[PDB]
Structures are given as C-alpha cells and as structure tokens.
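Notes follow the structure.
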2 protein chains.
Amino acid sequence: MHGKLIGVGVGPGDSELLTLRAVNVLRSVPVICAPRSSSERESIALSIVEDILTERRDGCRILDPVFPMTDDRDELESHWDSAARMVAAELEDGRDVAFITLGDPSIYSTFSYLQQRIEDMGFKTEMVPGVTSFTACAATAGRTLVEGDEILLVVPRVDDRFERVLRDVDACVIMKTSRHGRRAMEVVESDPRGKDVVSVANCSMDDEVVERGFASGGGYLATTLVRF
Amino acid sequence: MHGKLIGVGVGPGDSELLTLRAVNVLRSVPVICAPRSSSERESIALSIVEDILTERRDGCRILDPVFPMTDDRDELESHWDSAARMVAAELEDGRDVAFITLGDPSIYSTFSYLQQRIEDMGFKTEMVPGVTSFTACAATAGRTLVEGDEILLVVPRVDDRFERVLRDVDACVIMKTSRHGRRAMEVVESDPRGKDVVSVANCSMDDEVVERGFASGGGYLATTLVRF
Ligand SMILES: Nc1ncnc2c1ncn2[C@@H]1O[C@H](CSCC[C@H](N)C(=O)O)[C@@H](O)[C@H]1O
Ligand SMILES: Nc1ncnc2c1ncn2[C@@H]1O[C@H](CSCC[C@H](N)C(=O)O)[C@@H](O)[C@H]1O
C-alpha cells in the first residue's frame with residue numbers, strides 16, 4: 001500500500017530520447033520530485049518532461065526541494081533530510097513519487113542521496129534507466145566509445161587518480177568539462193599515444209554544440225570524449 | 001539520394017527500454033541490418049524489435065548476414081567487408097538502413113566495423129543512442145553507479161590493467177562477466193575498502209536474474225557491478 005520512490009532517467013534533453021517506460025511512469029505517477037537550485041525556476045530535468053506533464057488530463061503534484069549552490073557539506077546533508085521528509089510524506093499516503101534525473105539515474109544523478117534516506121525510512125525504491133549523456137554525445141559526434149578489449153574510464157574531475165590511471169585505459173569520458181577542459185587537455189595531451197578528442201554541449205537540445213578538443217560553449221552541460 | 005546508415009541502440013532487452021527516437025526510425029526505415037550467427041534464427045537485437053517490425057503497415061526488408069561464431073580470428077574482417085557491400089547495395093538504391101545493436105551503439109557494439117567501411121565507401125552515417133546494459137543492470141539492482149567525485153571503470157575482461165587501476169576508481173563494470181569473475185573476485189576481495197557487488201544476467205528480460213556478490217554462471221548476457 002505504500003508509495004514507492006522511482007528514480008527515472010529522463011535522457012540528455014531531447015524528449016524523443018526518453019524511454020517508453022519513462023514516458024509511461026511519468027504519465028501515470030501522482031507525484032514528481034525535481035530538485036532545483038534556489039535561483040532556478042525549474043531544473044533541466046523538469047523542463048525535459050514539460051510537454052508530457054502538461055499533456056496529462058490528470059493532475060501531477062510537483063515536489064521541487066531547493067538546493068542552494070552555496071551549501072557546505074552540513075547544510076547539503078540537512079537539505080537532503082528535508083527532501084526525503086517531503087517525499088516520504090507522499091509515500092506514507094500511498095502515492096508513488098518519480099524522482100526525475102537528467103540522463104540516467106545511476107550516473108552522477110544525486111538519486112542515491114534521496115534513495116539511501118528513503119530506504120532507511122523503510123520504503124521501497126525502483127529505478128528506470130535512461131540514455132546517459134556520454135553515449136548520446138558519442139552518437140551526435142558520430143563516434144564509437146569502446147570496442148573489443150578496450151577499457152572505458154568515466155571521470156567527473158581531473159585529479160591525480162585520473163593522471164596515474166590514463167595510460168591503462170583506451171577511452172575516457174570527462175564530465176563537467178566547462179570546469180575541467182583546461183586541466184584535461186594538459187593531462188590527455190601529455191599521453192604519447194594518438195588521441196581523438198571531441199567535446200559536446202547541450203547534446204540533443206536545440207543549442208547543441210560539437211567541437212573538436214577540450215571545450216564547447218562553457219555551459220554546465222558539456223562532456224568531453226577521448227579515444228586513444 | 002543515396003540512403004544513409006543509422007546505428008540504432010535498442011536497449012538491453014525490454015522493448016519499453018527503446019527510446020521514442022529508435023521506435024520512430026524502426027517504424028520508417030525500409031531496411032534493417034541485423035547480423036547473426038547461424039545457430040540463431042534472429043539476433044537478440046532483432047527479437048527486441050520484432051513487434052515494432054511486425055506491427056508496421058509499410059513493410060521492412062531484413063538483412064541478416066551470418067557471421068562465424070568466433071571472437072578471435074580476423075576471419076571477422078572479411079565478413080564485415082562482405083556485409084558492408086550488402087548494406088551499400090541498399091544505400092546505393094536510395095534506401096536507409098538501420099543497423100540495430102543491443103543496448104547502445106557506442107559501447108562495445110559491432111556498429112563501428114560496419115560504420116568505418118560504409119563511410120569509406122562514401123555514404124553518410126548516423127547514430128541513435130540507447131540504454132546501455134550496465135546502467136540498466138544498476139537500475140534493476142536498485143543501485144546507483146557513481147556520485148560526486150567518484151570514478152567509473154568499465155572493463156570488457158579482467159587483465160593486468162584492471163588490477164593496477166582498481167584502487168584509483170570507486171566503481172567498476174565487468175562485462176562478459178560469466179567468464180572473468182574468477183580473477184575479478186580475487187582482485188576485488190584483496191582491495192582493503194568496504195565494497196558491494198551485484199551480478200545481473202539477462203537484465204530487463206523475462207529470465208532476468210539478480211544476485212549479490214559474484215554470481216558464477218549467468219550465460220552470455222551477464223554483468224558484474226562493483227562499488228567501493
Ligand atoms: N545534454 C547534455 N549534453 C552534454 N553533456 C551533458 C548533457 N546532459 C548532462 N551532461 C553531462 O552530465 C553532467 C551532469 S552530472 C548528471 C549526469 C546524468 N545523470 C547523465 O546520465 O548524463 C554535466 O556536467 C555534463 O557532463
Ligand atoms: N540484457 C543484458 N543483461 C546483462 N548484461 C548485458 C545485457 N545486454 C548486454 N549485456 C552486457 O554486454 C555484453 C555484450 S557487449 C554489448 C554491449 C551493448 N552495446 C550495450 O550497450 O550494452 C555482455 O557480455 C554483457 O556484459
């Protein structure tokens with residue numbers, strides 16, 4: 001009888017990159033959870049599912065717990081606490097909640113922060129996978145990531161681990177690349193092997209930018225793909 | 001006027017894990033390329049997609065070239081040369097061909113072997129991203145893969161590189177897992193960190209099996225997920 005928490009991957013931007021399953025959950029759940037920063041009117045995940053939500057003859061309740069960009073670790077933790085409290089109030093009343101996530105819910109989505117709390121409160125949890133941004137970026141660039149015996153590495157940051165590991169991998173995905181392109185260029189280009197590098201911003205959206213090398217547009221939604 | 005080649009990710013098994021975009025392509029292309037071994041009536045990719053194809057009003061031609069069951073010998077390359085000729089003959093006649101691929105076409109897919117040849121012969125090529133099997137596995141397991149500054153490693157087999165790189169990553173995907181889990185287990189167990197492990201066979205299919213730790217013999221479509 002409890003509501004369940006469902007982590008729903010929404011894909012990289014284009015509504016046509018939602019899965020049939022995602023579309024089905026989102027057309028049916030009574031509650032959607034789409035967290036946002038303080039100066040956002042709506043998260044990017046909510047704007048992706050806008051048309052679906054407004055197509056609905058039935059009403060959907062939107063939970064949009066606020067996450068200030070300025071939170072220190074303790075305030076962030078406390079803001080996840082109250083997010084879980086508003087979500088659990090829905091599940092306590094028998095209503096399923098779909099937590100929408102850009103791309104796929106298993107890849108840097110923040111889903112686990114809510115998920116751990118909700119399962120600790122004794123509720124049940126599910127996940128719907130999606131097109132992750134990095135395979136969508138490979139697709140738009142007309143490029144394959146890995147084949148045969150090649151190793152893929154996915155990083156959110158340029159760090160010392162990244163540097164010492166790089167020679168033992170054949171391809172790598174660099175997330176948040178508007179913050180990370182410069183450091184990334186330096187590390188990858190010091191590698192003696194031939195490399196093919198491309199960066200993609202706003203993949204699958206109207207303002208998508210494909211650029212050779214370690215930069216594209218400077219917005220939050222940029223990813224770099226490296227193949228050796 | 002010449003047709004174009006489109007690499008279409010079909011997801012891990014469940015037809016509901018298709019994107020709307022893949023559906024759209026699959027409903028309208030005149031030709032589908034779905035290579036197979038002789039021991040199969042249809043590839044796994046074609047069986048995922050069969051109900052879309054049967055339900056079309058407008059008929060579809062299937063190219064299903066047989067490849068020798070071998071991972072090993074560049075006996076495969078002469079077979080790709082002949083399949084590319086087969087595909088090019090459709091493109092030359094102004095017919096689009098969708099090459100369907102399990103999961104996503106950028107991730108250990110066979111698409112790149114056909115793509116390079118078709119592009120070398122002077123035809124246009126496109127990709128439609130899909131739900132990749134490793135994130136679909138994480139979703140069925142109810143586990144997220146990476147958050148925050150965690151680093152993800154995806155490996156097709158477990159060799160010396162895996163061992164040397166492990167302590168520098170926070171999560172790893174082991175593909176073809178029914179064969180590699182033995183050496184994988186030992187490496188993972190000897191890591192000093194707390195860890196959880198889950199193995200998923202036939203993710204999203206009727207006969208999906210999920211079990212904690214290194215499950216030992218899940219057949220071809222089996223993946224192991226490790227988080228530290
Ligand atoms: N549409 C898009 N185009 C390019 N990169 C994108 C993108 N959407 C998300 N990203 C990438 O994802 C990062 C946010 S972390 C969220 C990742 C998401 N769960 C996924 O599966 O893709 C961004 O910094 C960027 O690296
Ligand atoms: N339905 C499924 N369940 C579990 N693993 C799967 C799977 N489908 C594919 N795989 C994984 O993929 C490997 C074949 S490599 C093909 C990968 C595919 N392009 C994708 O994106 O997922 C298998 O050895 C297995 O590790």
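Residues in the structure tokens are numbered from 1 in each chain, the chains being A, B, ... in the order shown, and ligands are numbered from 1 in the order shown.
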
**Spatial neighbours of residue 96 in chain A, 8 Å, only C-alpha atoms, chain gap at least 2 places, as a PyMOL selection string** = chain A and resi 2-6+29-31+90-91+94+98

**Request:** Check every residue of chain B for an atom within 8 Å of chain A, counting only C-alpha atoms, and provide those that qualify as a ChimeraX atom specification.
**Result:** /B:16-21,104-110,112,125-132,135-136,138-140,142-157,161,165,168-169

Write out the residues from the selection above, keeping N, CA and C atoms, as a compact mmCIF listing (two decimals), in the first residue's frame.
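Once everything was written out, this is part_8.txt:
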```
# COMPACT_ATOMS: atom_id res chain seq x y z
N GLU B 16 10.28 -1.72 -23.93
CA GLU B 16 9.94 -0.47 -23.26
C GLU B 16 11.17 0.37 -22.93
N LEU B 17 12.34 -0.25 -23.04
CA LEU B 17 13.59 0.48 -22.89
C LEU B 17 14.14 1.08 -24.19
N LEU B 18 13.41 0.90 -25.29
CA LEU B 18 13.63 1.69 -26.50
C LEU B 18 13.32 3.16 -26.23
N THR B 19 14.08 4.03 -26.90
CA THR B 19 13.75 5.45 -26.97
C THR B 19 12.64 5.66 -27.98
N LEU B 20 11.87 6.73 -27.83
CA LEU B 20 10.91 7.15 -28.83
C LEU B 20 11.57 7.32 -30.20
N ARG B 21 12.79 7.86 -30.21
CA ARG B 21 13.52 8.08 -31.45
C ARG B 21 13.87 6.78 -32.20
N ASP B 104 23.42 0.28 -26.37
CA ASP B 104 23.81 1.49 -27.06
C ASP B 104 24.88 1.21 -28.14
N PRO B 105 24.83 1.91 -29.29
CA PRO B 105 25.77 1.57 -30.38
C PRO B 105 27.21 2.05 -30.19
N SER B 106 27.48 2.85 -29.16
CA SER B 106 28.84 3.35 -28.94
C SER B 106 29.63 2.49 -27.95
N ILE B 107 28.97 1.51 -27.34
CA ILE B 107 29.53 0.77 -26.21
C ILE B 107 29.69 -0.71 -26.57
N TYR B 108 30.93 -1.11 -26.89
CA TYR B 108 31.26 -2.49 -27.28
C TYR B 108 30.24 -3.03 -28.27
N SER B 109 29.91 -2.21 -29.26
CA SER B 109 28.97 -2.65 -30.25
C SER B 109 29.74 -3.01 -31.53
N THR B 110 29.07 -3.72 -32.41
CA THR B 110 29.69 -4.12 -33.65
C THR B 110 29.57 -3.00 -34.71
N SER B 112 30.77 -0.07 -35.21
CA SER B 112 31.95 0.65 -35.72
C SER B 112 32.65 -0.03 -36.90
N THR B 125 26.45 8.38 -42.39
CA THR B 125 26.21 7.53 -41.26
C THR B 125 25.68 8.38 -40.08
N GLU B 126 24.75 7.81 -39.30
CA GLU B 126 24.18 8.42 -38.08
C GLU B 126 24.03 7.40 -36.95
N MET B 127 23.88 7.90 -35.73
CA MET B 127 23.71 7.06 -34.54
C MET B 127 22.53 7.53 -33.70
N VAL B 128 21.77 6.56 -33.19
CA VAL B 128 20.68 6.81 -32.26
C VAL B 128 21.10 6.11 -30.97
N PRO B 129 21.34 6.90 -29.90
CA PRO B 129 21.83 6.33 -28.64
C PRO B 129 20.77 5.47 -27.97
N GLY B 130 21.20 4.57 -27.09
CA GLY B 130 20.27 3.71 -26.40
C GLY B 130 20.62 3.59 -24.96
N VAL B 131 19.73 2.95 -24.21
CA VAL B 131 20.02 2.50 -22.87
C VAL B 131 21.06 1.40 -22.93
N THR B 132 22.22 1.67 -22.33
CA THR B 132 23.29 0.71 -22.29
C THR B 132 23.06 -0.31 -21.17
N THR B 135 24.02 0.38 -17.10
CA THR B 135 23.14 1.25 -16.29
C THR B 135 21.76 0.61 -16.13
N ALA B 136 21.32 -0.16 -17.12
CA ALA B 136 20.10 -0.95 -16.96
C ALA B 136 20.30 -2.00 -15.86
N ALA B 138 22.40 -1.72 -13.23
CA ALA B 138 22.40 -0.97 -11.98
C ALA B 138 20.96 -0.65 -11.54
N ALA B 139 20.14 -0.22 -12.49
CA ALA B 139 18.73 0.12 -12.23
C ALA B 139 17.89 -1.06 -11.72
N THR B 140 18.03 -2.24 -12.34
CA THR B 140 17.34 -3.44 -11.88
C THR B 140 17.85 -3.88 -10.50
N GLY B 142 18.74 -1.81 -8.34
CA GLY B 142 18.38 -0.72 -7.42
C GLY B 142 19.60 0.00 -6.86
N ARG B 143 20.69 -0.05 -7.61
CA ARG B 143 21.92 0.59 -7.21
C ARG B 143 22.31 1.64 -8.23
N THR B 144 22.87 2.70 -7.69
CA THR B 144 23.42 3.79 -8.44
C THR B 144 24.90 3.42 -8.69
N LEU B 145 25.54 3.95 -9.74
CA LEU B 145 26.95 3.56 -10.00
C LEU B 145 28.01 4.50 -9.41
N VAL B 146 27.88 5.81 -9.67
CA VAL B 146 28.82 6.83 -9.20
C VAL B 146 28.06 8.09 -8.84
N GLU B 147 28.53 8.77 -7.80
CA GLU B 147 28.07 10.09 -7.40
C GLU B 147 29.30 10.94 -7.16
N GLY B 148 29.11 12.26 -7.08
CA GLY B 148 30.15 13.17 -6.60
C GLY B 148 31.40 13.08 -7.43
N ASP B 149 32.53 12.88 -6.76
CA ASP B 149 33.83 12.82 -7.41
C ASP B 149 34.31 11.39 -7.69
N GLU B 150 33.40 10.42 -7.58
CA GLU B 150 33.73 9.03 -7.86
C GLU B 150 34.03 8.80 -9.33
N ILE B 151 34.90 7.83 -9.58
CA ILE B 151 35.37 7.50 -10.91
C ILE B 151 34.86 6.11 -11.27
N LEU B 152 34.32 5.99 -12.48
CA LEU B 152 33.81 4.73 -13.01
C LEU B 152 34.75 4.09 -14.04
N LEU B 153 35.03 2.81 -13.84
CA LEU B 153 35.77 1.98 -14.78
C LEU B 153 34.86 0.94 -15.42
N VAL B 154 34.91 0.85 -16.74
CA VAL B 154 34.16 -0.16 -17.45
C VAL B 154 35.19 -1.04 -18.12
N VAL B 155 35.18 -2.33 -17.80
CA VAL B 155 36.11 -3.29 -18.42
C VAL B 155 35.40 -4.47 -19.11
N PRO B 156 35.87 -4.83 -20.31
CA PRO B 156 35.33 -5.95 -21.07
C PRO B 156 35.87 -7.32 -20.62
N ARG B 157 37.02 -7.32 -19.96
CA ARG B 157 37.65 -8.52 -19.41
C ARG B 157 38.54 -8.06 -18.27
N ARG B 161 45.85 -4.57 -16.27
CA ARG B 161 45.42 -3.16 -16.16
C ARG B 161 44.37 -2.93 -15.06
N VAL B 165 44.82 -0.52 -11.81
CA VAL B 165 43.97 0.67 -11.80
C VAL B 165 42.91 0.70 -10.67
N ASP B 168 42.33 3.15 -7.67
CA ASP B 168 42.14 4.53 -8.15
C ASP B 168 40.75 4.81 -8.75
N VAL B 169 39.86 3.82 -8.70
CA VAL B 169 38.47 4.01 -9.15
C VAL B 169 37.51 3.66 -8.01
```

**Message:** Please determine, counting only C-alpha atoms, which residue among B:116, B:221, B:183, B:190 has the shortest atom-to-atom distance to residue 205 in chain B.
**Reply:**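 Distance minimum relative to residue 205 in chain B lands on B:221.
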
**Those in range 87-149 of chain B with alpha helix (DSSP H) from DSSP, as a list in words** =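 These are the residues in question: residues 87, 88, 89, 90, 91, 92, 111, 112, 113, 114, 115, 116, 117, 118, 119, 120, 133, 134, 135, 136, 137, 138, 139 and 140 of chain B.
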
May I have the residues from that selection written out with C-alpha atoms, as a CSV table (one decimal), in the first residue's frame?
```
chain,number,residue,atom,x,y,z
B,87,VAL,CA,24.5,-2.7,-46.9
B,88,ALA,CA,26.0,-0.4,-49.6
B,89,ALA,CA,23.9,-2.1,-52.3
B,90,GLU,CA,20.8,-1.0,-50.3
B,91,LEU,CA,22.1,2.6,-49.7
B,92,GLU,CA,23.1,2.9,-53.5
B,111,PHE,CA,28.5,-0.9,-35.4
B,112,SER,CA,32.0,0.6,-35.7
B,113,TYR,CA,33.2,-2.1,-38.1
B,114,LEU,CA,30.3,-1.5,-40.5
B,115,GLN,CA,30.4,2.3,-40.0
B,116,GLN,CA,34.1,2.7,-40.9
B,117,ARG,CA,33.6,0.6,-44.1
B,118,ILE,CA,30.4,2.4,-45.1
B,119,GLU,CA,31.9,5.8,-44.5
B,120,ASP,CA,35.0,4.7,-46.5
B,133,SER,CA,23.3,-2.6,-20.5
B,134,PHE,CA,25.4,-1.6,-17.5
B,135,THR,CA,23.1,1.3,-16.3
B,136,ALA,CA,20.1,-1.0,-17.0
B,137,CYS,CA,21.8,-3.6,-14.7
B,138,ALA,CA,22.4,-1.0,-12.0
B,139,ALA,CA,18.7,0.1,-12.2
B,140,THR,CA,17.3,-3.4,-11.9
```

**Message:** At a cut-off of 10 Å, using only C-alpha atoms, what residues contact residue 186 in chain B? Leave out same-chain residues fewer than 5 positions from it and give the result as a ChimeraX atom specification.
**Reply:** /B:163,181,191

Write the selection just made, keeping N, CA and C atoms, as a compact mmCIF listing (two decimals), in the first residue's frame?
```txt
# COMPACT_ATOMS: atom_id res chain seq x y z
N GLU B 163 43.81 -4.68 -12.41
CA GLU B 163 44.45 -4.83 -11.11
C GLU B 163 45.19 -3.56 -10.70
N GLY B 181 34.78 -13.22 -13.85
CA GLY B 181 34.53 -13.04 -12.41
C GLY B 181 35.48 -13.72 -11.44
N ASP B 191 41.13 -5.85 -2.25
CA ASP B 191 41.04 -4.41 -2.00
C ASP B 191 40.61 -4.15 -0.56
```

List the neighbours of range 198-200 of chain B out to 7 Å using only C-alpha atoms; skip same-chain residues closer than 5 positions along the sequence, and give me the result as a PDB file with N, CA, C and O atoms, in the first residue's frame.
```pdb
ATOM      1  N   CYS B 137      21.485  -2.626 -15.801  1.00  0.00           N
ATOM      2  CA  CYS B 137      21.816  -3.559 -14.705  1.00  0.00           C
ATOM      3  C   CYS B 137      21.801  -2.908 -13.331  1.00  0.00           C
ATOM      4  O   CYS B 137      21.265  -3.490 -12.369  1.00  0.00           O
ATOM      5  N   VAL B 209      18.040 -12.440 -13.916  1.00  0.00           N
ATOM      6  CA  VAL B 209      18.443 -12.906 -12.588  1.00  0.00           C
ATOM      7  C   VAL B 209      19.370 -11.859 -11.971  1.00  0.00           C
ATOM      8  O   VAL B 209      20.310 -11.420 -12.613  1.00  0.00           O
ATOM      9  N   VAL B 210      19.079 -11.468 -10.735  1.00  0.00           N
ATOM     10  CA  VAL B 210      19.931 -10.578  -9.946  1.00  0.00           C
ATOM     11  C   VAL B 210      20.433 -11.315  -8.709  1.00  0.00           C
ATOM     12  O   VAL B 210      19.626 -11.834  -7.943  1.00  0.00           O
ATOM     13  N   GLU B 211      21.750 -11.367  -8.501  1.00  0.00           N
ATOM     14  CA  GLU B 211      22.263 -11.731  -7.167  1.00  0.00           C
ATOM     15  C   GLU B 211      23.514 -11.035  -6.646  1.00  0.00           C
ATOM     16  O   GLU B 211      24.452 -10.730  -7.395  1.00  0.00           O
ATOM     17  N   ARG B 212      23.492 -10.802  -5.333  1.00  0.00           N
ATOM     18  CA  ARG B 212      24.559 -10.124  -4.600  1.00  0.00           C
ATOM     19  C   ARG B 212      25.851 -10.917  -4.731  1.00  0.00           C
ATOM     20  O   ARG B 212      25.817 -12.136  -4.891  1.00  0.00           O
ATOM     21  N   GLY B 213      26.981 -10.210  -4.690  1.00  0.00           N
ATOM     22  CA  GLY B 213      28.301 -10.806  -4.900  1.00  0.00           C
ATOM     23  C   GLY B 213      28.558 -11.201  -6.342  1.00  0.00           C
ATOM     24  O   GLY B 213      27.807 -10.833  -7.241  1.00  0.00           O
ATOM     25  N   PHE B 214      29.640 -11.944  -6.553  1.00  0.00           N
ATOM     26  CA  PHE B 214      29.971 -12.500  -7.855  1.00  0.00           C
ATOM     27  C   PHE B 214      29.188 -13.789  -8.092  1.00  0.00           C
ATOM     28  O   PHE B 214      29.639 -14.874  -7.703  1.00  0.00           O
ATOM     29  N   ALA B 215      28.017 -13.668  -8.709  1.00  0.00           N
ATOM     30  CA  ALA B 215      27.264 -14.830  -9.181  1.00  0.00           C
ATOM     31  C   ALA B 215      28.027 -15.450 -10.350  1.00  0.00           C
ATOM     32  O   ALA B 215      28.593 -14.723 -11.177  1.00  0.00           O
ATOM     33  N   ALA B 222      25.599 -11.294 -19.071  1.00  0.00           N
ATOM     34  CA  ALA B 222      25.790 -11.140 -17.648  1.00  0.00           C
ATOM     35  C   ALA B 222      26.797 -10.038 -17.391  1.00  0.00           C
ATOM     36  O   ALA B 222      27.809  -9.938 -18.094  1.00  0.00           O
ATOM     37  N   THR B 223      26.508  -9.226 -16.377  1.00  0.00           N
ATOM     38  CA  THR B 223      27.356  -8.106 -15.982  1.00  0.00           C
ATOM     39  C   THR B 223      27.525  -8.082 -14.465  1.00  0.00           C
ATOM     40  O   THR B 223      26.557  -8.303 -13.733  1.00  0.00           O
ATOM     41  N   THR B 224      28.738  -7.785 -13.998  1.00  0.00           N
ATOM     42  CA  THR B 224      29.004  -7.584 -12.567  1.00  0.00           C
ATOM     43  C   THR B 224      29.286  -6.121 -12.251  1.00  0.00           C
ATOM     44  O   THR B 224      30.074  -5.453 -12.945  1.00  0.00           O
ATOM     45  N   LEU B 225      28.663  -5.639 -11.181  1.00  0.00           N
ATOM     46  CA  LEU B 225      28.845  -4.265 -10.760  1.00  0.00           C
ATOM     47  C   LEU B 225      29.526  -4.233  -9.407  1.00  0.00           C
ATOM     48  O   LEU B 225      29.113  -4.924  -8.483  1.00  0.00           O
ATOM     49  N   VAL B 226      30.598  -3.457  -9.297  1.00  0.00           N
ATOM     50  CA  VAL B 226      31.309  -3.334  -8.027  1.00  0.00           C
ATOM     51  C   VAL B 226      31.348  -1.881  -7.636  1.00  0.00           C
ATOM     52  O   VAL B 226      31.720  -1.037  -8.451  1.00  0.00           O
TER      53      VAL B 226
END
```

**Item:** Exercise: range 67-80 of chain A partners within 6 Å, only C-alpha atoms, chain neighbours under 6 positions left out, as a list in words
**Value:**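 Listing them by chain and then by number gives residues 36, 37 and 38 of chain A.
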
Emit the selected residues as a PDB file, in the first residue's frame, including N, CA, C and O atoms.
```
ATOM      1  N   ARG A  36      15.882  21.504  -7.389  1.00  0.00           N
ATOM      2  CA  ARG A  36      16.411  22.651  -8.118  1.00  0.00           C
ATOM      3  C   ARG A  36      17.290  23.518  -7.191  1.00  0.00           C
ATOM      4  O   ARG A  36      17.206  23.420  -5.970  1.00  0.00           O
ATOM      5  N   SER A  37      18.159  24.339  -7.781  1.00  0.00           N
ATOM      6  CA  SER A  37      18.878  25.344  -7.010  1.00  0.00           C
ATOM      7  C   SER A  37      17.940  26.515  -6.723  1.00  0.00           C
ATOM      8  O   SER A  37      16.841  26.600  -7.298  1.00  0.00           O
ATOM      9  N   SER A  38      18.370  27.418  -5.841  1.00  0.00           N
ATOM     10  CA  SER A  38      17.491  28.499  -5.356  1.00  0.00           C
ATOM     11  C   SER A  38      17.042  29.477  -6.426  1.00  0.00           C
ATOM     12  O   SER A  38      15.885  29.894  -6.422  1.00  0.00           O
TER      13      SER A  38
END
```
